[PDB]
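Below: the structure, in C-alpha cells.
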Amino acid sequence: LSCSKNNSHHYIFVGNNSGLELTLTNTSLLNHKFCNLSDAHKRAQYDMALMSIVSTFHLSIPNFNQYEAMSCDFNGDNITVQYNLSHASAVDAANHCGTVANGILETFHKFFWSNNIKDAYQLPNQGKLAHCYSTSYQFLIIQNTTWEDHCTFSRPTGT
Ligand SMILES: *[C@@H]1O[C@H](CO)[C@@H](O)[C@H](O)[C@H]1NC(C)=O
Ligand SMILES: *[C@@H]1O[C@H](CO)[C@@H](O)[C@H](O)[C@H]1NC(C)=O
Ligand SMILES: *[C@@H]1O[C@H](CO)[C@@H](O)[C@H](O)[C@H]1NC(C)=O
Ligand SMILES: *[C@@H]1O[C@H](CO)[C@@H](O)[C@H](O)[C@H]1NC(C)=O
Ligand SMILES: *[C@@H]1O[C@H](CO)[C@@H](O)[C@H](O)[C@H]1NC(C)=O
C-alpha cells in the first residue's frame with residue numbers, strides 16, 4: 001500500500017479522472033535499473049508526468065548537472081517511475097540537489113507530509129539559494145492512478 005504508516009505520500013490531481021500518487025517508501029516497486037523510453041509515446045507520458053509535478057509544485061530545479069538514479073515501467077498507458085534516492089546524508093543530498101526528486105522532497109518537507117526530511121544543505125546557484133534535502137527514505141515512487149485507488153500501488157507492468 002502507498003498509504004502505510006511506514007510511508008509518506010501525497011496525491012496530485014492532473015487530469016479529469018487521473019493523477020499521480022507520490023510515495024516515499026522503503027519498499028522497492030521496480031527491481032530493474034532501466035527506463036525504456038524508446039517509444040515516443042512512452043517518452044511523452046514520462047515527460048507529461050514530470051511536467052505535472054514541476055508545474056503543480058511550482059518547482060525550480062537548479063542545474064548542477066546532477067542525476068537521481070531512476071527506473072520506470074508501463075502498465076498500458078499507466079506509468080510507474082521509481083527513484084532510488086541518494087539523499088541519506090547532507091553530502092549525498094548536496095550531490096543530488098539539482099533533481100526533480102529533490103524538489104519533491106522539498107515539497108513534502110515544506111508542507112509537513114513527512115517527518116523524515118531535513119533541509120540539509122543550501123548553496124547559491126545562479127543568484128538563487130538552492131536547498132538540498134536529506135531523507136532516510138530509500139525510494140520515491142510515482143504512479144499514474146485514480147483518486148479512488150491512490151492508496152494501493154498499481155501493478156508496475158501488465159501480464
Ligand atoms: C527506511 O530505511 C532507512 C535506511 O535503512 C532507515 O534509516 C529508515 O528508518 C527507514 N524508514 C522507515 C519508515 O522504515
Ligand atoms: C510497511 O508496513 C506494511 C504494512 O504493515 C508492510 O507490509 C511493509 O512490509 C512495511 N515496509 C517495509 C519496508 O517493511
Ligand atoms: C533500485 O533499488 C532496487 C532494490 O535495491 C534495485 O533492484 C533496482 O535495480 C534499483 N534501481 C536503480 C535504477 O538503481
Ligand atoms: C494516466 O493514465 C491515463 C490512462 O490510464 C492516460 O490517459 C493519462 O494520459 C495518464 N496520465 C499521464 C500520462 O500523465
Ligand atoms: C491504468 O490506470 C487506470 C486508471 O488510472 C485503470 O483504470 C486501469 O485499469 C489501469 N491499467 C491499465 C492496464 O490501463
What percent do you get for the relative contact order of the chain when only Cα pairs under 8 Å and 6+ apart count? 32 percent
Enumerate the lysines that residue 110 could reach by cross-link, defined here as Cα to Cα under 16 Å, with residues fewer than 8 away along the same chain left out. 118
Which cross-chain or sequence-distant (5 or more) residues have an amide H under 5 Å from the amide H of residue 98, H modelled 1.01 Å from N in plane? 64, 66
In whole angstrom, note down how far apart the Cα centers of region 111-146 and region 7-33 are. 15 Å
Could you tell me which of rounded, prolate or oblate describes region 55-128, using a ≥ b ≥ c as the square roots of the eigenvalues of the alpha-carbon gyration tensor, with rounded for a/c under 1.5 and, failing that, prolate when a/b is larger than b/c and oblate otherwise? prolate
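What shape does region 109-159 have by the C-alpha gyration tensor, where a ≥ b ≥ c are the square roots of the eigenvalues, rounded means a/c under 1.5, and otherwise prolate means a/b greater than b/c and oblate the rest?
prolate
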Residue with peak Gaussian network fluctuation, the chain [Cα springs, cutoff 10 Å], from 129, 59, 37: 129
Find out how many positive minus negative residues lie around residue 79, taking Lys and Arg as positive, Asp and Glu as negative, among other residues whose Cβ is under 12 Å from that of residue 79. -3
Principal-axis tilt of helix 100-110 within the chain, Cα atoms, nearest 10 degrees: 70 degrees
Within 10 Å, count the other beta carbons around each residue, average over each peptide in 98-106, 12-20, and list them highest first. 98-106, 12-20
What angle, in degrees between 0 and 90 and rounded to the nearest 10, separates the Cα long axis of helix 40-56 from the longest principal axis of the Cα atoms of the chain? 50 degrees
For 60-71, 81-92, ranked highest to lowest by mean beta-carbon neighbours within 10 Å, the order is 81-92, 60-71
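All Cβ positions, even for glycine, are placed from backbone atoms using ideal geometry, and neighbour counts span all protein chains on display. Read the figures in this text as sums done on the coordinates, not as results from a lab.
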